[PDB]
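Please read the structure below before turning to the comments.
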Amino acid sequence: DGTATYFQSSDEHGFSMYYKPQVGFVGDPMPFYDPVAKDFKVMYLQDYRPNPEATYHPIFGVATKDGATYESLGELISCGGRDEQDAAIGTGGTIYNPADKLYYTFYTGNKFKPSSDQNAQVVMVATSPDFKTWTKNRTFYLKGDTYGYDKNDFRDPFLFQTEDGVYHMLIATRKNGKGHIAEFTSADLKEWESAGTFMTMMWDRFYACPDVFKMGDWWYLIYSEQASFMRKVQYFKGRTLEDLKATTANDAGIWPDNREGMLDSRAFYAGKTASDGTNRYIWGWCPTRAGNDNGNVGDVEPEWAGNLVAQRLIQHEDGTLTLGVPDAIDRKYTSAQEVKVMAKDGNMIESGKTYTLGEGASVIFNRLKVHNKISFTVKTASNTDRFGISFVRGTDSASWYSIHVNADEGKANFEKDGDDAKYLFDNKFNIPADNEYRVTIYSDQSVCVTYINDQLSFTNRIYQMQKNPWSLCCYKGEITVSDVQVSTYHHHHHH
Ligand SMILES: OC[C@H]1O[C@@](CO)(OC[C@H]2O[C@@](CO)(OC[C@H]3O[C@@](CO)(OC[C@H]4O[C@](O)(CO)[C@@H](O)[C@@H]4O)[C@@H](O)[C@@H]3O)[C@@H](O)[C@@H]2O)[C@@H](O)[C@@H]1O
Ligand SMILES: [Zn+2]
Ligand SMILES: [Zn+2]
């Protein structure tokens, strides 16, 4: 704690709040509020590095009351045989049927090397009375082309029941080349009728992992954009279901806010929600990086799967959504640590427990631990200033990794700083009029989420942020840093 040199830390210690199974990684999650157990069941596609040919992504599960503590459920729905329709499983959705007291999980069966007459993707279902033993329904095969949709893109079923008792299933597919979310209705979850297109997908986009829900006086669609330049979780909103569906009708592009509904950036994907009646949370995954290299974020798309991340939905008075930390996660960080300056550079002053940094100045703080909570307040002199939050920055580090907050650009960027500096990706968010940024960062080994002013929610993979110093800097203008605090998970030091 008295040195600030770079240390080659690892993820082997283990994750807690941003869950990873002992073997493999967390792919698309399928969260569900279990109304009998009164907790969340998060099914997810289990990823291995490498996966088998043909038979991959079985559905595993974890249980959580709150998004911070997880109990593994192991393998719940296994892959089919190499030649079967669900040789590989894709994402779906779970729902409880009070009439027969069965949990139903609809999923995507991906056929290995389909023939011209076969369907690459078909929706299938499994049921369970207790969420431990699941029985595949060997007679249920929902094919898109039966209803005018696509034979090979027909996936990610989302199930919900409306107040009138009707069950709805939304499926991401195509019709005449264009992306369509198709709707099916049922009284009993067994016999399904097509209700046509729920919503079309903007332009040539494709909305994976759709999720529709009502929260307060607004209806929402949350989705994950497949297009390579986006790869982010986004949403639309409407006061009525018809208003929601109209946001994309005829490519209207009625964005819900001033940032095209982009909730997070490229290190949080496949996000879907569930509510316990008090809060609605969103679960997605944070990708791994090839070679554990924080600056290798994929040439086209990032690696698929990684760690499970939960965030809380914040509904604003105008109906827009931002994401915040789940309250139970904010409580895993218990012992406040001492914050000490280990190095200063450039044009800056230390004034007690505040710091003023001019253009080009940096301050480096003492080493973080393994699971961290970092909080501070930044006041900039102008609404065009720029400052940085840097990790893995040892006094001897040639390069490091930073969240750049660019007020003149209306966004935060994740970048590599120092030698071989390079921009990686960004995250638009509302800039405060009073130039005050209340920052909180929650980390679990290599996974962290940065929150600012209940407006920015920025997940990042930062290998080796643990057990290494962190830093604040000013790139443009002048900033004053206040109320710096750091709290930790491990804290069991008898003194
Ligand atoms: O080729 C197999 C090989 O590819 C990976 C990703 O590198 O898995 C992709 C395949 O998984 C499948 C079935 O499990 O889909 C899973 C779900 O993923 C979703 C959203 O995350 O989208 C699939 C979509 O992901 C891409 O990688 C995006 O470009 C596409 O390849 C693909 O269309 C969701 O919509 C799916 O349900 C299967 O469909 C994918 O091809 C590896 O893990 C795997 O080993
Ligand atoms: Zn401990
Ligand atoms: Zn630990």
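The chains in the structure tokens are called A, B, ... from first to last as shown; in each chain the residues are counted from 1, and the ligands are counted from 1 in the order shown.
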Practice problem: Write as an MDAnalysis selection string the residues around ligand 3, taking 10 Å as the cut-off and counting only C-alpha atoms and all ligand atoms. | Solution: chainID A and resid 12:17 369:372 444:445 488:491
Can you write just those residues out, N, CA, C and O atoms, as a compact mmCIF listing (two decimals), in the first residue's frame?
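Saved result, part-v2.txt, follows:
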```
# COMPACT_ATOMS: atom_id res chain seq x y z
N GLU A 12 -7.67 -14.83 -11.11
CA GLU A 12 -7.80 -16.16 -10.54
C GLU A 12 -8.39 -16.12 -9.13
O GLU A 12 -9.02 -17.08 -8.70
N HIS A 13 -8.20 -15.00 -8.41
CA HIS A 13 -8.78 -14.87 -7.08
C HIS A 13 -10.26 -15.20 -7.10
O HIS A 13 -10.76 -15.92 -6.23
N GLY A 14 -10.97 -14.69 -8.10
CA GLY A 14 -12.37 -15.04 -8.27
C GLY A 14 -13.33 -13.87 -8.28
O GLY A 14 -13.11 -12.83 -7.64
N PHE A 15 -14.41 -14.03 -9.01
CA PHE A 15 -15.47 -13.03 -9.06
C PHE A 15 -16.53 -13.31 -8.01
O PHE A 15 -16.65 -14.42 -7.50
N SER A 16 -17.30 -12.28 -7.69
CA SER A 16 -18.42 -12.42 -6.77
C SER A 16 -19.67 -11.77 -7.38
O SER A 16 -20.55 -12.45 -7.92
N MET A 17 -19.73 -10.44 -7.39
CA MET A 17 -20.94 -9.73 -7.80
C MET A 17 -21.15 -9.71 -9.31
O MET A 17 -22.28 -9.69 -9.79
N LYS A 369 -7.76 -2.44 -4.23
CA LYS A 369 -7.75 -3.84 -3.82
C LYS A 369 -8.44 -4.63 -4.91
O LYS A 369 -8.28 -4.31 -6.09
N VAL A 370 -9.19 -5.67 -4.56
CA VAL A 370 -9.69 -6.61 -5.56
C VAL A 370 -11.11 -6.27 -6.03
O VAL A 370 -11.41 -6.38 -7.22
N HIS A 371 -12.01 -5.98 -5.09
CA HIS A 371 -13.39 -5.62 -5.41
C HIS A 371 -13.63 -4.24 -4.81
O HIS A 371 -13.67 -4.10 -3.59
N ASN A 372 -13.76 -3.22 -5.66
CA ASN A 372 -13.64 -1.83 -5.23
C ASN A 372 -14.87 -0.98 -5.49
O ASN A 372 -15.62 -1.19 -6.46
N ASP A 444 -15.21 -5.52 -9.74
CA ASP A 444 -15.09 -6.90 -9.27
C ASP A 444 -13.99 -7.53 -10.13
O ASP A 444 -14.25 -7.97 -11.26
N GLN A 445 -12.75 -7.51 -9.63
CA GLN A 445 -11.60 -7.90 -10.43
C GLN A 445 -11.56 -7.08 -11.73
O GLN A 445 -11.44 -5.86 -11.70
N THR A 488 -13.97 -1.23 -0.03
CA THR A 488 -13.50 -2.51 -0.56
C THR A 488 -14.36 -3.66 -0.06
O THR A 488 -15.18 -3.50 0.85
N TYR A 489 -14.14 -4.82 -0.70
CA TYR A 489 -14.78 -6.08 -0.30
C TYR A 489 -13.99 -6.79 0.80
O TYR A 489 -14.52 -7.06 1.88
N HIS A 490 -12.73 -7.12 0.53
CA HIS A 490 -11.85 -7.71 1.53
C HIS A 490 -11.32 -6.62 2.46
O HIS A 490 -10.80 -5.60 2.00
N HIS A 491 -11.42 -6.88 3.76
CA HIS A 491 -11.35 -5.83 4.77
C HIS A 491 -11.05 -6.43 6.14
O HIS A 491 -11.32 -5.78 7.16
```
Quiz item: Could you pull out the strand (DSSP E) residues of stretch 75-296 of chain A from DSSP and send them as a VMD selection string?
Solution: chain A and resid 75 to 77 88 to 97 102 to 110 121 to 128 135 to 136 154 to 161 167 to 175 178 to 186 193 to 200 207 to 215 218 to 225 233 to 238 269 to 275 280 to 287
Quiz item: Please, which residues have at least one atom within 8 Å of an atom of ligand 1, using only C-alpha atoms and all ligand atoms, listed as an MDAnalysis selection string?
Solution: chainID A and resid 27:28 45 47:48 50:53 56:58 88:92 108:110 121 155:156 208:209 224 226:228 269:270 301 303:305
Take the residues from that selection and put them in a file with N, CA and C atoms, as an mmCIF file, in the first residue's frame.
```cif
data_model
loop_
_atom_site.group_PDB
_atom_site.id
_atom_site.type_symbol
_atom_site.label_atom_id
_atom_site.label_comp_id
_atom_site.auth_asym_id
_atom_site.auth_seq_id
_atom_site.Cartn_x
_atom_site.Cartn_y
_atom_site.Cartn_z
ATOM 1 N N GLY A 27 -22.808 -16.184 -21.385
ATOM 2 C CA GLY A 27 -23.410 -15.620 -22.578
ATOM 3 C C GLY A 27 -24.781 -15.067 -22.263
ATOM 4 N N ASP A 28 -25.576 -14.820 -23.341
ATOM 5 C CA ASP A 28 -26.833 -14.092 -23.186
ATOM 6 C C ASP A 28 -27.646 -14.565 -21.980
ATOM 7 N N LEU A 45 -26.700 -18.663 -21.448
ATOM 8 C CA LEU A 45 -26.031 -19.540 -22.407
ATOM 9 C C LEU A 45 -24.602 -19.734 -21.942
ATOM 10 N N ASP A 47 -20.888 -20.537 -22.077
ATOM 11 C CA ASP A 47 -19.864 -20.481 -23.107
ATOM 12 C C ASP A 47 -18.585 -21.175 -22.645
ATOM 13 N N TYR A 48 -17.918 -21.864 -23.577
ATOM 14 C CA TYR A 48 -16.607 -22.450 -23.338
ATOM 15 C C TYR A 48 -15.648 -21.938 -24.399
ATOM 16 N N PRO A 50 -12.447 -23.387 -26.173
ATOM 17 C CA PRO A 50 -13.432 -23.351 -27.261
ATOM 18 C C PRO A 50 -14.719 -24.111 -26.966
ATOM 19 N N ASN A 51 -15.739 -23.918 -27.819
ATOM 20 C CA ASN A 51 -16.960 -24.704 -27.716
ATOM 21 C C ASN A 51 -16.853 -25.928 -28.608
ATOM 22 N N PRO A 52 -17.645 -26.966 -28.341
ATOM 23 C CA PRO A 52 -17.755 -28.057 -29.312
ATOM 24 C C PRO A 52 -18.396 -27.560 -30.600
ATOM 25 N N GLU A 53 -18.034 -28.241 -31.679
ATOM 26 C CA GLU A 53 -18.775 -28.143 -32.921
ATOM 27 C C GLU A 53 -20.169 -28.709 -32.705
ATOM 28 N N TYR A 56 -23.415 -26.731 -28.572
ATOM 29 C CA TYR A 56 -22.830 -25.727 -27.701
ATOM 30 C C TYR A 56 -23.925 -24.807 -27.184
ATOM 31 N N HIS A 57 -23.549 -23.996 -26.177
ATOM 32 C CA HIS A 57 -24.435 -23.081 -25.465
ATOM 33 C C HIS A 57 -25.648 -23.731 -24.805
ATOM 34 N N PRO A 58 -25.447 -24.748 -23.976
ATOM 35 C CA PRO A 58 -26.544 -25.215 -23.121
ATOM 36 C C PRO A 58 -26.963 -24.110 -22.151
ATOM 37 N N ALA A 88 -27.427 -26.811 -30.927
ATOM 38 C CA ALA A 88 -27.007 -25.625 -30.189
ATOM 39 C C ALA A 88 -28.257 -24.869 -29.747
ATOM 40 N N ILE A 89 -28.205 -24.304 -28.547
ATOM 41 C CA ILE A 89 -29.311 -23.550 -27.993
ATOM 42 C C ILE A 89 -28.970 -22.063 -28.058
ATOM 43 N N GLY A 90 -29.932 -21.259 -28.502
ATOM 44 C CA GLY A 90 -29.868 -19.822 -28.401
ATOM 45 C C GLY A 90 -30.875 -19.283 -27.400
ATOM 46 N N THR A 91 -30.827 -17.972 -27.263
ATOM 47 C CA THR A 91 -31.547 -17.281 -26.208
ATOM 48 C C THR A 91 -33.070 -17.422 -26.317
ATOM 49 N N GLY A 92 -33.700 -17.379 -25.176
ATOM 50 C CA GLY A 92 -35.149 -17.385 -25.094
ATOM 51 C C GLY A 92 -35.611 -16.670 -23.849
ATOM 52 N N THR A 108 -34.227 -21.006 -28.539
ATOM 53 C CA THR A 108 -33.931 -21.112 -29.961
ATOM 54 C C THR A 108 -33.148 -22.387 -30.223
ATOM 55 N N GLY A 109 -33.716 -23.283 -31.015
ATOM 56 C CA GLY A 109 -32.953 -24.416 -31.455
ATOM 57 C C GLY A 109 -32.233 -24.142 -32.751
ATOM 58 N N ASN A 110 -30.894 -24.219 -32.689
ATOM 59 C CA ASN A 110 -30.031 -23.960 -33.826
ATOM 60 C C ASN A 110 -29.566 -25.280 -34.412
ATOM 61 N N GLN A 121 -33.033 -22.023 -37.535
ATOM 62 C CA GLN A 121 -33.500 -21.630 -36.215
ATOM 63 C C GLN A 121 -34.986 -21.894 -36.077
ATOM 64 N N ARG A 155 -35.513 -16.169 -33.677
ATOM 65 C CA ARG A 155 -34.853 -16.454 -32.417
ATOM 66 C C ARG A 155 -35.211 -15.459 -31.308
ATOM 67 N N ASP A 156 -34.701 -15.757 -30.127
ATOM 68 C CA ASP A 156 -34.744 -14.909 -28.945
ATOM 69 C C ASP A 156 -36.175 -14.661 -28.491
ATOM 70 N N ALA A 208 -31.567 -8.051 -31.447
ATOM 71 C CA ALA A 208 -31.482 -9.301 -30.716
ATOM 72 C C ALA A 208 -32.017 -9.104 -29.312
ATOM 73 N N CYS A 209 -32.406 -10.222 -28.689
ATOM 74 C CA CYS A 209 -32.809 -10.250 -27.291
ATOM 75 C C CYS A 209 -33.837 -9.159 -26.934
ATOM 76 N N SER A 224 -30.862 -5.459 -28.097
ATOM 77 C CA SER A 224 -29.421 -5.448 -28.294
ATOM 78 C C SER A 224 -29.155 -5.347 -29.783
ATOM 79 N N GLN A 226 -27.469 -5.793 -33.227
ATOM 80 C CA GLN A 226 -26.505 -6.712 -33.845
ATOM 81 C C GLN A 226 -25.522 -5.990 -34.760
ATOM 82 N N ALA A 227 -25.944 -4.880 -35.348
ATOM 83 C CA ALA A 227 -25.100 -4.160 -36.294
ATOM 84 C C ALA A 227 -23.741 -3.870 -35.668
ATOM 85 N N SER A 228 -22.687 -4.145 -36.441
ATOM 86 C CA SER A 228 -21.315 -4.163 -35.942
ATOM 87 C C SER A 228 -20.862 -2.811 -35.425
ATOM 88 N N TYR A 269 -23.730 -6.241 -23.100
ATOM 89 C CA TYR A 269 -24.531 -6.716 -24.212
ATOM 90 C C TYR A 269 -25.563 -7.755 -23.788
ATOM 91 N N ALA A 270 -26.553 -7.915 -24.683
ATOM 92 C CA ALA A 270 -27.596 -8.918 -24.524
ATOM 93 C C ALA A 270 -28.397 -8.676 -23.247
ATOM 94 N N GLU A 301 -16.451 -6.943 -33.925
ATOM 95 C CA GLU A 301 -17.268 -7.085 -32.727
ATOM 96 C C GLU A 301 -16.380 -7.605 -31.606
ATOM 97 N N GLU A 303 -15.334 -10.026 -28.318
ATOM 98 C CA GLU A 303 -15.577 -11.450 -28.049
ATOM 99 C C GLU A 303 -16.966 -11.639 -27.444
ATOM 100 N N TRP A 304 -17.555 -12.816 -27.677
ATOM 101 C CA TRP A 304 -18.888 -13.136 -27.206
ATOM 102 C C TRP A 304 -18.788 -13.830 -25.847
ATOM 103 N N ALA A 305 -19.587 -13.361 -24.915
ATOM 104 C CA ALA A 305 -19.683 -13.815 -23.533
ATOM 105 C C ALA A 305 -18.575 -13.310 -22.629
#
```
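Proximity ranking of A:384, A:335, A:322, A:118 relative to ligand 2 places A:335 first, based on only C-alpha atoms and all ligand atoms.
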Exercise. Point out the residue among A:42, A:34, A:472, A:390 with the least atom-to-atom distance to residue A:348, counting only C-alpha atoms.
Key: A:472
Could you give me, as a PDB file with N, CA and C atoms, in the first residue's frame, the residues within 9 Å of stretch 179-181 of chain A, counting only C-alpha atoms and dropping anything in the same chain fewer than 3 positions from it?
```
ATOM      1  N   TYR A 149     -42.444 -15.581 -42.010  1.00  0.00           N
ATOM      2  CA  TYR A 149     -41.176 -15.038 -41.538  1.00  0.00           C
ATOM      3  C   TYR A 149     -40.023 -15.920 -42.028  1.00  0.00           C
ATOM      4  N   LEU A 170     -42.730 -12.756 -28.311  1.00  0.00           N
ATOM      5  CA  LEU A 170     -42.115 -11.903 -29.333  1.00  0.00           C
ATOM      6  C   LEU A 170     -40.832 -12.557 -29.840  1.00  0.00           C
ATOM      7  N   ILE A 171     -40.689 -12.642 -31.161  1.00  0.00           N
ATOM      8  CA  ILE A 171     -39.557 -13.343 -31.749  1.00  0.00           C
ATOM      9  C   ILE A 171     -38.858 -12.432 -32.743  1.00  0.00           C
ATOM     10  N   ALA A 172     -37.517 -12.382 -32.689  1.00  0.00           N
ATOM     11  CA  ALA A 172     -36.727 -11.564 -33.619  1.00  0.00           C
ATOM     12  C   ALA A 172     -36.509 -12.333 -34.920  1.00  0.00           C
ATOM     13  N   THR A 173     -37.021 -11.798 -36.024  1.00  0.00           N
ATOM     14  CA  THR A 173     -36.969 -12.537 -37.276  1.00  0.00           C
ATOM     15  C   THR A 173     -36.876 -11.537 -38.430  1.00  0.00           C
ATOM     16  N   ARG A 174     -37.228 -12.010 -39.618  1.00  0.00           N
ATOM     17  CA  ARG A 174     -37.195 -11.199 -40.815  1.00  0.00           C
ATOM     18  C   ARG A 174     -38.413 -11.512 -41.664  1.00  0.00           C
ATOM     19  N   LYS A 175     -38.822 -10.529 -42.467  1.00  0.00           N
ATOM     20  CA  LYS A 175     -39.906 -10.695 -43.436  1.00  0.00           C
ATOM     21  C   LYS A 175     -39.551  -9.838 -44.637  1.00  0.00           C
ATOM     22  N   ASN A 176     -39.418 -10.460 -45.803  1.00  0.00           N
ATOM     23  CA  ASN A 176     -39.047  -9.731 -47.012  1.00  0.00           C
ATOM     24  C   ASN A 176     -37.692  -9.027 -46.848  1.00  0.00           C
ATOM     25  N   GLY A 196     -49.240 -11.389 -36.245  1.00  0.00           N
ATOM     26  CA  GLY A 196     -48.523 -10.544 -37.173  1.00  0.00           C
ATOM     27  C   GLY A 196     -47.287  -9.901 -36.555  1.00  0.00           C
ATOM     28  N   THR A 197     -46.906  -8.761 -37.106  1.00  0.00           N
ATOM     29  CA  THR A 197     -45.683  -8.084 -36.684  1.00  0.00           C
ATOM     30  C   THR A 197     -45.968  -7.179 -35.495  1.00  0.00           C
ATOM     31  N   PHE A 198     -45.190  -7.351 -34.426  1.00  0.00           N
ATOM     32  CA  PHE A 198     -45.264  -6.450 -33.284  1.00  0.00           C
ATOM     33  C   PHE A 198     -44.664  -5.091 -33.642  1.00  0.00           C
ATOM     34  N   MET A 199     -43.400  -5.096 -34.067  1.00  0.00           N
ATOM     35  CA  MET A 199     -42.677  -3.916 -34.530  1.00  0.00           C
ATOM     36  C   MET A 199     -41.710  -4.312 -35.628  1.00  0.00           C
ATOM     37  N   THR A 200     -41.480  -3.391 -36.578  1.00  0.00           N
ATOM     38  CA  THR A 200     -40.367  -3.567 -37.497  1.00  0.00           C
ATOM     39  C   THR A 200     -39.101  -2.991 -36.888  1.00  0.00           C
ATOM     40  N   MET A 201     -37.961  -3.444 -37.403  1.00  0.00           N
ATOM     41  CA  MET A 201     -36.657  -3.003 -36.924  1.00  0.00           C
ATOM     42  C   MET A 201     -36.185  -1.888 -37.833  1.00  0.00           C
ATOM     43  N   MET A 202     -35.610  -0.839 -37.243  1.00  0.00           N
ATOM     44  CA  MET A 202     -35.214   0.325 -38.045  1.00  0.00           C
ATOM     45  C   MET A 202     -34.269  -0.057 -39.184  1.00  0.00           C
ATOM     46  N   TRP A 203     -34.510   0.523 -40.377  1.00  0.00           N
ATOM     47  CA  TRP A 203     -33.586   0.451 -41.511  1.00  0.00           C
ATOM     48  C   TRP A 203     -33.133  -0.996 -41.671  1.00  0.00           C
ATOM     49  N   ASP A 204     -31.824  -1.249 -41.689  1.00  0.00           N
ATOM     50  CA  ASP A 204     -31.327  -2.616 -41.827  1.00  0.00           C
ATOM     51  C   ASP A 204     -30.722  -3.130 -40.519  1.00  0.00           C
ATOM     52  N   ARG A 205     -31.207  -2.623 -39.398  1.00  0.00           N
ATOM     53  CA  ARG A 205     -30.754  -3.083 -38.098  1.00  0.00           C
ATOM     54  C   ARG A 205     -31.367  -4.452 -37.795  1.00  0.00           C
ATOM     55  N   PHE A 206     -30.817  -5.128 -36.784  1.00  0.00           N
ATOM     56  CA  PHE A 206     -31.430  -6.354 -36.268  1.00  0.00           C
ATOM     57  C   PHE A 206     -31.404  -6.317 -34.748  1.00  0.00           C
ATOM     58  N   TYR A 207     -32.566  -6.447 -34.129  1.00  0.00           N
ATOM     59  CA  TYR A 207     -32.724  -6.322 -32.680  1.00  0.00           C
ATOM     60  C   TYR A 207     -32.699  -7.705 -32.046  1.00  0.00           C
ATOM     61  N   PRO A 210     -34.923  -9.081 -27.691  1.00  0.00           N
ATOM     62  CA  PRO A 210     -35.952  -8.091 -27.371  1.00  0.00           C
ATOM     63  C   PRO A 210     -36.581  -8.379 -26.014  1.00  0.00           C
TER      64      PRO A 210
END
```
Quiz item: Closest to ligand 2 among A:333, A:19, A:106, A:391, using only C-alpha atoms and all ligand atoms?
Solution: A:333
Quiz item: To one decimal place, how far is atom CA of residue A:103 from atom CA of residue A:123 in Å?
Solution: 16.3 Å
Self-check item: Residues near residue A:274, cut-off 7 Å, only C-alpha atoms, skip fewer than 5 positions along chain, as a PyMOL selection string
Solution: chain A and resi 31-33+280-282
Please write the residues from the selection above to a file, keeping N, CA, C and O atoms, as a PDB file, in the first residue's frame.
```
ATOM      1  N   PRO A  31     -33.208 -13.437 -17.636  1.00  0.00           N
ATOM      2  CA  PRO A  31     -33.685 -13.215 -16.264  1.00  0.00           C
ATOM      3  C   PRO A  31     -35.193 -13.389 -16.111  1.00  0.00           C
ATOM      4  O   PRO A  31     -36.001 -13.094 -16.995  1.00  0.00           O
ATOM      5  N   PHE A  32     -35.571 -13.831 -14.927  1.00  0.00           N
ATOM      6  CA  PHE A  32     -36.948 -14.202 -14.656  1.00  0.00           C
ATOM      7  C   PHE A  32     -37.188 -14.025 -13.172  1.00  0.00           C
ATOM      8  O   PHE A  32     -36.395 -14.526 -12.373  1.00  0.00           O
ATOM      9  N   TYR A  33     -38.265 -13.328 -12.804  1.00  0.00           N
ATOM     10  CA  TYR A  33     -38.661 -13.249 -11.411  1.00  0.00           C
ATOM     11  C   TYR A  33     -39.568 -14.431 -11.138  1.00  0.00           C
ATOM     12  O   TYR A  33     -40.672 -14.495 -11.686  1.00  0.00           O
ATOM     13  N   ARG A 280     -36.790  -2.842 -11.159  1.00  0.00           N
ATOM     14  CA  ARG A 280     -36.525  -3.596 -12.373  1.00  0.00           C
ATOM     15  C   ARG A 280     -35.020  -3.568 -12.646  1.00  0.00           C
ATOM     16  O   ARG A 280     -34.400  -2.495 -12.722  1.00  0.00           O
ATOM     17  N   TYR A 281     -34.426  -4.737 -12.783  1.00  0.00           N
ATOM     18  CA  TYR A 281     -33.011  -4.828 -13.100  1.00  0.00           C
ATOM     19  C   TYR A 281     -32.840  -5.334 -14.517  1.00  0.00           C
ATOM     20  O   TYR A 281     -33.735  -5.963 -15.077  1.00  0.00           O
ATOM     21  N   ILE A 282     -31.683  -5.013 -15.088  1.00  0.00           N
ATOM     22  CA  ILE A 282     -31.262  -5.496 -16.395  1.00  0.00           C
ATOM     23  C   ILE A 282     -29.982  -6.293 -16.191  1.00  0.00           C
ATOM     24  O   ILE A 282     -29.123  -5.906 -15.391  1.00  0.00           O
TER      25      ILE A 282
END
```
Self-check item: Atom-to-atom span, atom CA of residue A:186 and atom CA of residue A:251, Å
Solution: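 Going from atom CA of residue A:186 over to atom CA of residue A:251, I get 28.8 Å.
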Contacts of residue A:415 within 9 Å, only C-alpha atoms, excl. fewer than 5 positions in-chain, as a PDB file with N, CA and C atoms, in the first residue's frame:
```
ATOM      1  N   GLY A 295      -6.820  -3.308 -24.653  1.00  0.00           N
ATOM      2  CA  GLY A 295      -6.916  -2.508 -25.853  1.00  0.00           C
ATOM      3  C   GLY A 295      -7.315  -3.296 -27.077  1.00  0.00           C
ATOM      4  N   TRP A 400      -1.809   2.903 -19.968  1.00  0.00           N
ATOM      5  CA  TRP A 400      -2.885   2.614 -19.040  1.00  0.00           C
ATOM      6  C   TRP A 400      -4.206   2.845 -19.766  1.00  0.00           C
ATOM      7  N   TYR A 401      -5.294   2.687 -19.027  1.00  0.00           N
ATOM      8  CA  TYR A 401      -6.635   2.671 -19.594  1.00  0.00           C
ATOM      9  C   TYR A 401      -7.510   3.669 -18.844  1.00  0.00           C
ATOM     10  N   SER A 402      -8.256   4.473 -19.593  1.00  0.00           N
ATOM     11  CA  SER A 402      -8.969   5.590 -19.005  1.00  0.00           C
ATOM     12  C   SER A 402     -10.362   5.739 -19.587  1.00  0.00           C
ATOM     13  N   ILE A 403     -11.273   6.164 -18.728  1.00  0.00           N
ATOM     14  CA  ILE A 403     -12.549   6.726 -19.147  1.00  0.00           C
ATOM     15  C   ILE A 403     -12.341   8.225 -19.302  1.00  0.00           C
ATOM     16  N   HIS A 404     -12.431   8.719 -20.540  1.00  0.00           N
ATOM     17  CA  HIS A 404     -12.358  10.151 -20.820  1.00  0.00           C
ATOM     18  C   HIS A 404     -13.762  10.734 -20.788  1.00  0.00           C
ATOM     19  N   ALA A 421      -1.358   5.085 -27.433  1.00  0.00           N
ATOM     20  CA  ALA A 421      -2.677   5.599 -27.094  1.00  0.00           C
ATOM     21  C   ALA A 421      -3.632   5.372 -28.254  1.00  0.00           C
ATOM     22  N   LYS A 422      -4.887   5.053 -27.929  1.00  0.00           N
ATOM     23  CA  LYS A 422      -5.893   4.881 -28.962  1.00  0.00           C
ATOM     24  C   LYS A 422      -7.291   4.919 -28.371  1.00  0.00           C
ATOM     25  N   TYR A 423      -8.192   5.550 -29.105  1.00  0.00           N
ATOM     26  CA  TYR A 423      -9.610   5.532 -28.788  1.00  0.00           C
ATOM     27  C   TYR A 423     -10.195   4.148 -29.060  1.00  0.00           C
ATOM     28  N   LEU A 424     -11.077   3.698 -28.176  1.00  0.00           N
ATOM     29  CA  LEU A 424     -11.726   2.395 -28.301  1.00  0.00           C
ATOM     30  C   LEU A 424     -13.224   2.498 -28.561  1.00  0.00           C
ATOM     31  N   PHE A 425     -14.031   3.058 -27.664  1.00  0.00           N
ATOM     32  CA  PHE A 425     -15.445   3.280 -27.948  1.00  0.00           C
ATOM     33  C   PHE A 425     -15.975   4.299 -26.949  1.00  0.00           C
ATOM     34  N   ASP A 426     -17.250   4.652 -27.096  1.00  0.00           N
ATOM     35  CA  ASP A 426     -17.796   5.774 -26.346  1.00  0.00           C
ATOM     36  C   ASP A 426     -19.222   5.516 -25.863  1.00  0.00           C
TER      37      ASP A 426
END
```
Quiz item: Using only C-alpha atoms, which of A:112, A:223, A:376, A:96 sits nearest residue A:37?
Solution: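 Of A:112, A:223, A:376, A:96, the one nearest residue A:37, counting only C-alpha atoms, is A:96.
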Quiz prompt | Nearest candidate to residue A:383 (options A:240, A:162, A:406, A:334; using only C-alpha atoms) | solution =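 Checking each candidate against residue A:383, we get A:406 as the closest.
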Exercise. Do a neighbour search on residue A:26 at 7 Å with only C-alpha atoms, toss out local chain neighbours closer than 6 positions, and write the hits as a PyMOL selection string.
Key: chain A and resi 20+44-47+285+305-308
Those selected residues, please, written with N, CA and C atoms and delivered as a tab-separated table (two decimals), in the first residue's frame.
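Output file again-v9.tsv is given in full below:
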```tsv
chain	number	residue	atom	x	y	z
A	20	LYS	N	-19.23	-15.15	-12.77
A	20	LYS	CA	-18.67	-16.04	-13.80
A	20	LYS	C	-18.71	-17.44	-13.21
A	44	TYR	N	-28.72	-18.61	-18.45
A	44	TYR	CA	-27.79	-18.00	-19.40
A	44	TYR	C	-27.17	-19.09	-20.27
A	45	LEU	N	-26.70	-18.66	-21.45
A	45	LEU	CA	-26.03	-19.54	-22.41
A	45	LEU	C	-24.60	-19.73	-21.94
A	46	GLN	N	-24.27	-20.97	-21.57
A	46	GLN	CA	-22.95	-21.29	-21.04
A	46	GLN	C	-21.92	-21.37	-22.16
A	47	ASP	N	-20.89	-20.54	-22.08
A	47	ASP	CA	-19.86	-20.48	-23.11
A	47	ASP	C	-18.59	-21.18	-22.65
A	285	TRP	N	-24.04	-9.21	-20.35
A	285	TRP	CA	-22.69	-9.69	-20.11
A	285	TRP	C	-21.66	-8.67	-20.55
A	305	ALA	N	-19.59	-13.36	-24.91
A	305	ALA	CA	-19.68	-13.82	-23.53
A	305	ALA	C	-18.58	-13.31	-22.63
A	306	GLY	N	-18.84	-13.38	-21.33
A	306	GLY	CA	-17.85	-12.99	-20.33
A	306	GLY	C	-18.43	-13.11	-18.94
A	307	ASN	N	-18.65	-11.98	-18.28
A	307	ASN	CA	-19.18	-11.95	-16.92
A	307	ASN	C	-20.59	-11.36	-16.91
A	308	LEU	N	-21.39	-11.85	-15.97
A	308	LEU	CA	-22.75	-11.37	-15.79
A	308	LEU	C	-22.72	-10.05	-15.04
```
